[PDB]
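Encoded as structure tokens, the following chain is the form deposited in one PDB entry, with no partner shown.
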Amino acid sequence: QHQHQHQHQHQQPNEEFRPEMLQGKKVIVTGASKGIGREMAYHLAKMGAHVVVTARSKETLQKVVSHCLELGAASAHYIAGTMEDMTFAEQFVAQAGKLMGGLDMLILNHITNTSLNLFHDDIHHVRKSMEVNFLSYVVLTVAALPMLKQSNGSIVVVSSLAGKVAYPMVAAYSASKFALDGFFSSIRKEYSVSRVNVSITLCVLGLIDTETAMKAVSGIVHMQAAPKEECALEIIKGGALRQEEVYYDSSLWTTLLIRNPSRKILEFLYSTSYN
């Protein structure tokens, strides 16, 4: 109905973010029982999206779903399961899309539990890292793609500074996050040439103040953590705007130094050869 005539607007030749870009949109959020995943569920609810949230803990997901509905979600549902289970991953998306009658955005956020430790002999954690953090994202993507091709939708992949540069104590985790870049940046190029109108947003996040991260770094690293609330909002904005990469960190020097113009230029040369 009413407007707010005192609220400022900017002048342009073009485009910004508005919540209406998510109003009535059909969105899956994975790892949504806590942290950034949960915050993203909430933001999307407030924007009047349809949300399907997932994670292992059904009891906490019930709470998220309940709060989503309170905040103004168009609809809110959960399906419980582990992303170690590739059959679940595949069935979760089909079930999520039937609930909503479609899919506009796939937000891939979950990771297997990880701590800061030097590597020796924990091959299982390495495999489990690759399966949960990387392989399930590929399985979810494959299941989701027919629906996303219909809606010209978006895949949002949550990664890390440790998915662009190296760090000790997180080798397995870092390997999986690098793998995400390798894989999705490659299919992004494939979609460009096969005219698949599905955007891919890789999100490169510095340290975020979730309980899990703050516990993991206690006494080992002494650094600023960015607020989980806005981090979650920035992820959604990047995906909604169909941006290839999103950067979010407490430090602006860091966000400066994770860009790779050489790689952009090398890839630009390969595709100008193709063009």
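Shifts are known only where both forms have a C-alpha. Numbers for residues come from their place in the sequence shown, where the first is 1. Think of the rigid core as the biggest set of C-alphas that the two forms share within 1.5 Å after superposition.
Only in words, not in the display: the form deposited in another entry, which the text now covers.
Peer 1: Of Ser250, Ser66, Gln243, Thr60, only one moves its C-alpha by 2 angstroms or more between the shown form and the other one once the rigid core is aligned, so tell me which.
Peer 2: Between the two forms, the residue that moves is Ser250.
Peer 1: Please state whether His222 has a C-alpha shift of 2 Å or more between the shown form and the other one, with the rigid core used for the fit.
Peer 2: Passes the 2 Å threshold, so yes.
Peer 1: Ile235 and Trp253: their C-alpha distance differs by 3 angstroms or more in the other form. Do they come closer or move farther apart compared with the shown form?
Peer 2: Result: closer.
Peer 1: Mind checking the CA-CA distance of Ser250 and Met21 in the other form? It differs by 3 Å or more from this form, so is it closer or farther?
Peer 2: Closer together, by at least 3 Å.
Peer 1: Kindly list the runs, ordered along the sequence, of 3+ consecutive residues whose C-alpha shifts are all 2 Å or more between the shown form and the other one once the two forms are aligned on their core.
Peer 2: These are the shifted runs between the shown form and the other one: 220-223, 249-258.
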